[PDB]
Amino acid sequence: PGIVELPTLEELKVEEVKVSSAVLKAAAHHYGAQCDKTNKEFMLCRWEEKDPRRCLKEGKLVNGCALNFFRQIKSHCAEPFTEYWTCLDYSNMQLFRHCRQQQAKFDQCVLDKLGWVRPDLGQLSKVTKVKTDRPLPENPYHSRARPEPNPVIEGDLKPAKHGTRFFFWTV
Amino acid sequence: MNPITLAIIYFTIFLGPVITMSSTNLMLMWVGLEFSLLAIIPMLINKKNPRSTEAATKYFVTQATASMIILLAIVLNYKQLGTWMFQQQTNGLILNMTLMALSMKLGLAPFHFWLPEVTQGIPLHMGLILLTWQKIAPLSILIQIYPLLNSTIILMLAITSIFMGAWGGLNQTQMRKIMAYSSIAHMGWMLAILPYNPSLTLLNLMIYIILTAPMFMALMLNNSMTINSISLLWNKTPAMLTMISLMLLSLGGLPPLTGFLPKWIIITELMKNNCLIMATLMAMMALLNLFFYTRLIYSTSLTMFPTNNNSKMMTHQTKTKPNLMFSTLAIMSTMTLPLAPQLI
Amino acid sequence: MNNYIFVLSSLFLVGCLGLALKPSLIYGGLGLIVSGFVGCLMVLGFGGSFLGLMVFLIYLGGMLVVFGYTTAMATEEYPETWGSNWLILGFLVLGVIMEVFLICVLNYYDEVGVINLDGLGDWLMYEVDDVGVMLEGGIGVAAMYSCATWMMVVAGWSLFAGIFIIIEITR
Amino acid sequence: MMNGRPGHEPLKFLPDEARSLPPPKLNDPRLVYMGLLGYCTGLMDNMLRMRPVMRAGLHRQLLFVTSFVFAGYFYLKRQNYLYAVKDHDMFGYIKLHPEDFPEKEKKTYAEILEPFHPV
Amino acid sequence: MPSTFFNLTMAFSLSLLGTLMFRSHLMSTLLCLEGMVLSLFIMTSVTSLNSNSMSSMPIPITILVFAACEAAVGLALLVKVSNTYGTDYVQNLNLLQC
Amino acid sequence: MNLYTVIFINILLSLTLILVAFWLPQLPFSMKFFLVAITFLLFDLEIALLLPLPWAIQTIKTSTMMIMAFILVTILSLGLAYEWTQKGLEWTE
Amino acid sequence: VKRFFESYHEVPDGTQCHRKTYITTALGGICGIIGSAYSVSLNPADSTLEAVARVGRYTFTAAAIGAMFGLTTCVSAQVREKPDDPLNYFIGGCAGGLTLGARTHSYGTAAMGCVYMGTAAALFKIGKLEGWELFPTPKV
Amino acid sequence: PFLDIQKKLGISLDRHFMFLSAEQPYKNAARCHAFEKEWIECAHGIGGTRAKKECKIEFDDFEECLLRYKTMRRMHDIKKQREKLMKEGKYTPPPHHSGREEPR
């Protein structure tokens, strides 16, 4: 009962990042602000509409932004960024404790050559509105009308009539 | 049983049902049931004699199977829907299992062959509770879920209880077992009316309680747990008769008393709903309960049996156990028929 | 290693069956320990690590221990072994044959209901939060300390009363 | 049964809505009967504890009587309220759905034929 | 899931038979009770972790604790019985039929 | 698979040892014990209730977890002290 | 599928004796099995031999009762052609109770069963006719 | 329920997780949250027999989300037919299903 719509393999075929989790986890912080408008708008689309098949045009933009970001990081300050992830991936859980004095160096290089500044503590776990241009829908669940409540009975509450109406037990 | 233990156990017994009712979660209901079970067993087994221990084993085993069955029901409902409560969309087998379990937990038939033995092994001040504060929560569970029940088996169970309880009461002399069979029959009446109007089960239960509790007070008086040991009441204390006779005729359900009203309005409902055949069976087989109440009336009041000399040494003494609520409930049972509409 | 859950299930079945075919208690308690082991392993395969280990720690270590304790100190395996075990063993064999053929019968009438055999491995986990921390049963069981406090207080009272009940009984 | 009616204020003995109903004139036979019940209960308690009846426990009898009445009064109020509510809901549903109750106006004995049944 | 679940329900039914039919002992009955309880706890935790529900997980803990205490009092009763008769048999309980 | 391997290995090693062992050469009751086993149960159940603190603590209702913990511990201690005073920990018959 | 018990009223009381009799005999066997199972689970005897002997006694007895009853009611309906009138079922129940008494070796039980079972059957027919429902459903 | 002490006191002890889509601790929503949120909203304001017949289009979908009997059967028939085809010698599973691919 009812067909389902779907996109096609031959479309939605963008050239992914294909980069590793260590590198992503290392570069994230800056990518938290750089390329943030797009990602926030995409998460908003995905949370408003539960239709991944409608929230796609906001994914290719995301990946394009991330790639134009890693591109600047490849042009400038590459080796600090390579030694960094090679220092991280050594550990098991990839923590930011065993690489401190291999981090501020990369940070200062990225800064002295670019107007980025590593976010502070507790700067991404904060709701930030996002100004968009598309609208908000209603009935996102594609729900149906709510069957009408029971018509209520009302009127001044006066006493019984002739008694309890029980067998000759008038009162 | 020192006072701290006594108080804690009485508290848990007064709690189990309160939770079982005030809770809207079947797990909490089952929990309250287990509370009653546990906190009660000791009060049965205090004397630590073999009979008490045996009765405790029987009681515990049956009620354990019952609780586990109800738990199976709840879990199947969970898998089926997701909610911890019963809805109108549950495979009827689950309801039937729940009903079998509740029955075995109450004393209905044919799940009833464990009630007389236990109630004979027990003293009075615990059989009373066993019959009047353990059959409440299991009934609240039904009060909650009456619409979607299986009237067929409910009625078969009820009427089976009627027949078997009456037929056993015709014989049993032991007053404890007699009271047990009477409980069986009255709970049969309730379950018979239940899925049509629950308030009437509430009423039948309250009435059976108001008639039972004072009888058990009059027994606790003398620890006379036999016909030939209660016939001597007219020489030990000749006052309780004018009320015991009334209360037993009531339990029978004679019109001018109150015990009639329940059967009466129940038959009324069953006639509105076209169940007159089973109504007729119930009404024509309560007469045996009436019989073996009359046969004790005989032994006690309407005719005086041979006494025992040392009752003179007794009469030389005095006795001030019989509190006020006994008489109060006796009266508010026998002489309150004019106030049936104000009861509904 | 696709038949995993079905195997554990059949073994729990067989443990409960060896308990229902009441054997000598010394050779029934082993069936019960096996039952608990296999049930915990099933829970674990589903993902309730905390629940499985709680079982190992409480059921076996707490309840079966005292069951054997009480049994030994208060029971005697009188010579009721007129090859009773050797009989109920063949009876168990007949029952297990009955059950094997029963399932091989059912699978014909019911295919996508009772059991899906051709694709048995499927249909164990349905969805899962791939990028989500805090999704283990530890949190649900910890609930009692923030919400659902009624459970904790009720269990506490059950013990608070069971102590008095046991002691007042034994005397 | 009706415990789910619209806004059934839970576990409230007498809603404020039950002040627009005529309370019972204290001479009411039901209250009087409950008084008789209290008196007879005191009598029974005395005769059970083996005490002079009709001349003992006067304070006991007074307490019994007045408690019985002090209860019966408000219980009776609640019951009057329940019956009023039943009647009101019934008439309301009837006014909602008239088609379920065709106002059949009977015919006269002229037009209708009473068949015969002699002796 | 469905296969293992039907099998667990079968195991519950088998423990039911074990409790409803005796072989002249009482510890067997109580152990079958424990088997019931185990199957139930398992089915409940399975349902929960399969629905990904969490708040409903306290229930297995609750019922497991209650089964522990229940079996404890049952064992206490078994022990009183053995110490007042001389064994834990079942055919000794011919009393109360009078 | 890993734990399976390890456990099968350990079992097979032990059984090799025992097979070597076998080839190379060629009562009343004491209520106290039951009471102690019961105490052990009624404490393991407390343990099951009490383990989840390392995750119940990172929640926001500290005013609730702190309390419920104190409650469990103190009432358990009350039951223990009552058992003591009523002589469940004396061993003299 | 319950047809083996519903077919009894595909035709009215009349022909199809070979069917009505099989049905009544089946009910006899059923009630016999059930009563025998109860009286075996309880009030037991010495050997499985005597136990299953009691069981077979009860079962064959009830089977014969149902057979005789249904046969009488299929025969009277044929000869005394006033089918729907319940005297057919009453006479059938009387013959059945009389068979029960001839088996149990008791004229008193014979007559008691005659009266009771015949009236019960007549009332069953009255119900089937006037729609008196048993095991009803709630509609006040 | 029976004894509405809870509603009287305006409190809640158990009834805040009586069903699936209640407030889970760390916002981890359950499986059939939406279908529950619709079933309940249709079964609110009305009582019982109304819902047992005017909420089926909202409850069958829920029961399926919860169990997926029909999806199980769909996939089962698909795989049975595929096996029969690979037996008769007409199918030829491609790589993306047969063991490899060019993934992300």
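To keep things simple, chains are lettered A, B, C, D, E, F, G and H as they appear, and every chain counts its residues starting from 1.
One rule holds for everything that comes next: contacts are C-beta pairs under 8 Å (C-beta built on N, C-alpha and C of every residue); 3 or more make two chains touch, one makes a residue touch a chain.
Trainee: Taking the mean of all protein CA atoms as the centre, name the chain whose own CA mean is closest to it.
Mentor: Ranked by how close its C-alpha centre lies to the overall one, first comes E.
Trainee: Please work out the Cα centroid separation of subunit A and subunit F, and write it as a whole number of Å.
Mentor: 45
Trainee: Express in whole angstrom the distance between the two chain centres, defined as the mean CA positions of subunit B and subunit G.
Mentor: About 36 Å, centre to centre.
Trainee: Rounded to a whole Å, what is the gap between the Cα centroids of subunit B and subunit E?
Mentor: Whole-Å distance between the two chain centres: 27.
Trainee: For subunit D and subunit H, let me know how many angstrom lie between their CA-based centres, rounded off.
Mentor: Here the centre of subunit H sits 50 Å away from the centre of subunit D.
Trainee: Indicate the residues of subunit A shared as contacts by at least two other chains.
Mentor: Within subunit A, the residues that touch at least two other chains are 150, 164.
Trainee: Give me the residue numbers in subunit E that touch at least two other chains, ranges are fine.
Mentor: In subunit E, residues 12, 16, 51-56, 59, 61-62, 64-66, 68-69, 72-73, 75-80, 82-83 touch at least two other chains, as defined above.
Trainee: Going by the contact rule already set, what residues in subunit F reach two or more other chains?
Mentor: 29, 31, 34, 38, 41-42, 44-45, 48-49, 59, 82, 86
Trainee: Quick one: which chain pairs are touching?
Mentor: Applying the touch criterion to every chain pair yields A-B, A-D, A-H, B-C, B-D, B-E, B-G, B-H, C-E, C-F, C-H, D-H, E-F, E-H.
Trainee: In the complex of these two chains, what residues of subunit F are touching subunit E?
Mentor: Going through subunit F, the ones touching subunit E are 29, 31, 34, 38, 41-42, 44-45, 48-49.
Trainee: Touching subunit H in the complex: which residues of subunit D?
Mentor: Going through subunit D, the ones touching subunit H are 4, 10-12.
Trainee: Any idea which subunit A residues touch subunit D in the complex?
Mentor: My answer: residues 150-161, 164, 171.
Trainee: Quick check on the complex: what are the subunit E residues that touch subunit C?
Mentor: Those in contact with subunit C are residues 1-4, 6-8, 10-12, 14-18, 21-25, 27-28, 30-32, 34-35, 38-39, 41-42, 45-46, 48-50, 52-62, 64-66, 68-69, 71-73, 75-80, 82-83, 87-88.
Trainee: So in the complex, the part of subunit C that touches subunit F is made up of which residues?
Mentor: Listed in rising order, the residues of subunit C that touch subunit F are 1, 50, 54, 57-58, 61-63, 65-66, 69-70, 73-74, 138-139, 141-147, 149, 152-153, 155-156, 159-160, 162-164, 166-167, 170.
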